[PDB]
**Student:** 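Provided herewith is a single structure, encoded as structure tokens, for subsequent inquiry.
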Amino acid sequence: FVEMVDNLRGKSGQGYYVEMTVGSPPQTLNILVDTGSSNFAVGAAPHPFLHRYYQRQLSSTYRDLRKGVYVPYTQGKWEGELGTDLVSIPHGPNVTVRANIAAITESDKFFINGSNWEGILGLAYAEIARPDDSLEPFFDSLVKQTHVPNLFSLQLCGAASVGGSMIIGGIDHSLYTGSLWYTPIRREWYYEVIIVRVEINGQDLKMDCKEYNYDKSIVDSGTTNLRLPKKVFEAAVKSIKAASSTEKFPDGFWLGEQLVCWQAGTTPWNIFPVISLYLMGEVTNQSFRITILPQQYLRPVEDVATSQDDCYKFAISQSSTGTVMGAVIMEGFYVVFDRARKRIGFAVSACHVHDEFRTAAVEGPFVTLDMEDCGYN
Ligand SMILES: CC[C@@H](CC(=O)NCC1CCCCC1)n1c(N)nc2cc(Cl)ccc21
């Protein structure tokens, strides 16, 4: 696993990418690690944002599937040609698999201007694969062709430049401290989990637990913020406002539209509360909690090429599509995607940033009744 440690790189807010090789002879590409999608889709045309792109025709092991794919989302679409080719990960397991590859020939608002990645590794399940669930995802192809165990674990470490580790086929003990606790994957499509309880400095948020998972709660490496449903976001902010009422901040700060600055390098971490998220456990009526520090949700401002000091951005935002546990959560925790056993493990990361008096935690067990009722149908 030592060869797989520190195999992730990226820029702040632009995601985490891993080095991958496709085709014969091998073409080296930087590929976004994405637990929020299920397609292995790489740029295959010279879009001006891209450093590199996949050249289908120069690979002797490339096979044209003779079928297109069209993936629209919100502000954009990505599209291209479906095919298969030989894929390997230089700083991964020593194997080569024939996997599905979507050669992106056109996209709108997909690639990020200034980033160093040229494609995405959809690490989620077949059901959200496009055009349909018969297009086998990369990790499915990996496990079915090799003896690599059906799991991977992510340690995202966040610093402009960021690093991390994607351990494929196991768990590295030295990437976490304390104990690993597991939450069941509710449904195999996104990495869907169930939040049963939320606390702010120990104070229960007092919401119907169905609100925390409306209409969904996912673990996504392709998202930066901790995104919460409107009604949950409202209460959490109102609670964070209350905990830190010794200082008032502009209304735009809570919306992520304005920055807040203190004389470097202190900085009142103490007035900001810890946020505990209770997740459904492996056992009936059993749950566990993950505690995030003010240091996870107050991020040093991305691009301050004019504005020095300390300065911060509020990294909790509202969502209309359910809870998203992004880098805000994931950078605080070593996250194990145990696909073979339908579960996701959380343990305090060895690379999380802690303050002088408080510590991030994964603790349990807790008694929580009707946890299944917190999931939305
Ligand atoms: C479901 C969550 C969203 C979050 C998002 O919008 N992320 C930024 C997105 C990541 C994938 C490359 C393009 C930018 N999301 C993720 N994780 N992967 C996605 C891929 C597509 Cl085609 C659309 C939305 C995606």
Side-chain angles (χ1 to χ4, degrees), residues 3-4 6-65 68-71 73 76-123 129-130 135 137-139 141-142 152 154 156 160-166 168 221-222 224 302-303 327:
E3 84 255 54
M4 286 186 268
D6 198 55
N7 64 351
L8 303 179
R9 292 283 185 273
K11 296 274 189 172
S12 189
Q14 293 182 344
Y16 290 85
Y17 61 82
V18 65
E19 190 181 308
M20 301 183 82
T21 59
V22 191
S24 302
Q27 294 173 46
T28 305
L29 298 166
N30 286 332
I31 308 300
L32 185 72
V33 171
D34 188 23
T35 58
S37 64
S38 299
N39 281 80
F40 185 42
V42 298
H47 190 287
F49 296 171
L50 303 171
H51 295 79
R52 298 149 290 266
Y53 57 92
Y54 173 56
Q55 296 188 74
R56 286 162 282 173
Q57 260 217 353
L58 300 184
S59 167
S60 60
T61 49
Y62 174 68
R63 295 177 197 168
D64 205 324
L65 279 169
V69 60
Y70 183 91
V71 187
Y73 27 98
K77 46 147 159 165
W78 66 260
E79 63 190 299
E81 186 66 25
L82 293 172
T84 63
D85 211 341
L86 294 176
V87 190
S88 61
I89 306 155
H91 304 276
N94 190 33
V95 286
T96 307
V97 287
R98 173 160 295 276
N100 289 304
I101 187 161
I104 302 163
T105 52
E106 187 187 316
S107 63
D108 290 295
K109 299 178 155 123
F110 182 73
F111 297 118
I112 302 161
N113 191 22
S115 66
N116 201 31
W117 58 264
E118 301 86 53
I120 61 163
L121 191 61
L123 289 165
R130 308 276 179 260
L135 197 81
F138 175 82
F139 220 88
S141 296
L142 179 68
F152 64 94
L154 291 166
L156 309 177
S161 184
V162 303
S165 302
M166 182 172 70
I168 304 151
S221 59
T224 305
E302 313 126 344
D303 223 351

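Just so you know, residue 1 is the first one in the sequence shown, and it goes up from there.
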**Student:** Are the charged groups of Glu302 and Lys11 less than 4.0 angstrom apart, N to O?
**Tutor:** no
**Student:** Please check this pair: side chain of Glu118 against backbone of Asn30, looking for a donor-acceptor N/O pair closer than 3.5 Å.
**Tutor:** yes
**Student:** What heavy-atom pair brings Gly15 and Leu32 nearest, and what distance separates the two atoms?
**Tutor:**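 In terms of heavy atoms, the two residues are closest at CA-CD1, 3.7 Å.
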**Student:** Can you find a pair of side-chain heavy atoms, one from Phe110 and one from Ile104, that are under 4.5 Å apart?
**Tutor:** yes
**Student:** Can you check whether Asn100 reaches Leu82 side chain to side chain, under 4.5 Å on heavy atoms?
**Tutor:** no
**Student:** For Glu81 versus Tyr62, what's the shortest heavy-atom pair and its separation?
**Tutor:**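 Heavy atoms only, the tightest pair is CG-OH, 4.1 Å.
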**Student:** Counting only N and O atoms by type, is there a donor-acceptor contact under 3.5 Å from the side chain of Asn39 to the main-chain atoms of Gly122?
**Tutor:**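 No; zero donor-acceptor contacts below 3.5 Å.
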**Student:** Identify the two heavy atoms, one from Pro90 and one from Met20, that lie closest to each other, and give their separation to 0.1 Å.
**Tutor:** CD-CA, 3.9 Å
**Student:** Please tell me if the side chains of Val33 and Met166 come closer than 4.5 Å, counting only heavy atoms from C-beta onward.
**Tutor:** yes
**Student:** Run the numbers on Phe152 and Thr35 for side-chain contact (heavy atoms from CB on, under 4.5 Å), then give the verdict.
**Tutor:** CA-CA 11 Å; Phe152 64 94; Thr35 58; 4.0 Å; yes
**Student:** Are any non-hydrogen side-chain atoms of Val87 and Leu142 less than 4.5 angstrom apart?
**Tutor:** no
**Student:** For residues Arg98 and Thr61, determine if any side-chain heavy atom of one lies less than 4.5 Å from a side-chain heavy atom of the other.
**Tutor:**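 Counting from C-beta outward, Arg98 and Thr61 do come under 4.5 Å.
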**Student:** Please give me the minimum heavy-atom distance between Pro26 and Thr21, naming the atom from each residue.
**Tutor:** CB-CB, 4.0 Å
**Student:** Can you tell if the side chain of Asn116 reaches within under 4.5 Å of the side chain of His51, non-hydrogen atoms only?
**Tutor:**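 Sidechains of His51 and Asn116: in contact.
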**Student:** More than 12 non-hydrogen atoms from neighbouring residues, nucleotides or ligands closer than 6.0 Å to NZ on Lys109, yes or no?
**Tutor:**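 Counting other residues, nucleotides and ligands, NZ of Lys109 stays at 12 neighbours or fewer.
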**Student:** Is it the case that more than 12 heavy atoms not belonging to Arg63 sit under 6.0 Å from its CZ atom?
**Tutor:**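 Counting other residues, nucleotides and ligands, CZ of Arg63 stays at 12 neighbours or fewer.
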**Student:** Distance-only, no hydrogens or angles: does the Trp117 side chain make a donor-acceptor pair with backbone N or O of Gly10 under 3.5 Å?
**Tutor:**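 Judged by distance alone, no pair lies under 3.5 Å.
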**Student:** Rounded to the nearest 0.5 Å, how far apart are CG of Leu121 and OG of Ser37?
**Tutor:**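 OG of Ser37 is found 8.0 Å from CG of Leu121.
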**Student:** Closer than 3.5 angstrom, by distance alone: can the side chain of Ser165 be matched with the main-chain N or O of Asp6 as a donor-acceptor pair?
**Tutor:**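 Checked: pair present.
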**Student:** Taking it one step at a time, do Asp85 and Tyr54 satisfy side-chain contact (heavy atoms from CB on, under 4.5 Å)?
**Tutor:** CA-CA 11 Å; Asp85 211 341; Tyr54 173 56; 2.6 Å; yes
**Student:** Between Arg130 and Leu135 (side chain of the first, backbone of the second, donor and acceptor by atom type, cut-off under 3.5 Å), is there such a pair?
**Tutor:**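 Flag not set: sc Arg130 to bb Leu135 has no pair under 3.5 Å.
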**Student:** I need the single residue from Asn113, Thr224, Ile112 that forms a side-chain contact (heavy atoms from CB on, under 4.5 Å) with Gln14. Which is it?
**Tutor:** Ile112
**Student:** Provide the closest heavy-atom pair for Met4 versus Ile168 in the form atom of the first, atom of the second, distance.
**Tutor:** SD-N, 3.3 Å
**Student:** Over 60° means perpendicular and under 30° means parallel, so tell me whether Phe138 and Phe40 are parallel, tilted or perpendicular.
**Tutor:** tilted
**Student:** Side chains of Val69 and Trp78: closer than 4.5 Å at any heavy-atom pair?
**Tutor:**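 Of all side-chain heavy-atom pairs linking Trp78 with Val69, at least one is under 4.5 Å.
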**Student:** One pair to check against side chain to side chain donor-acceptor pair (under 3.5 Å): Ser24 and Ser60. What are the steps and the verdict?
**Tutor:** CA-CA 6 Å; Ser24 302; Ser60 60; 4.8 Å; no
**Student:** Quick check against the 3.5 Å criterion: does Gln27 have a side-chain atom that pairs as donor or acceptor with the backbone of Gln55?
**Tutor:** yes
**Student:** May I have the step-by-step check of side-chain contact (heavy atoms from CB on, under 4.5 Å) for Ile89 and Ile31, ending in yes or no?
**Tutor:** CA-CA 10 Å; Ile89 306 155; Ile31 308 300; over 6 Å; no
**Student:** How long is the straight-line distance from CZ of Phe49 back to CZ of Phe111, given to the nearest 0.5 Å?
**Tutor:** 10.5 Å
**Student:** Apply side-chain contact (heavy atoms from CB on, under 4.5 Å) to residues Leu154 and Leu8 and explain how you reach the verdict.
**Tutor:** CA-CA 9 Å; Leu154 291 166; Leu8 303 179; 4.0 Å; yes
**Student:** So which atom in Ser221 and which in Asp34 form the shortest heavy-atom distance, rounded to 0.1 Å?
**Tutor:**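 Scanning both residues, the minimum pair turns out to be OG-CA, 3.4 Å.
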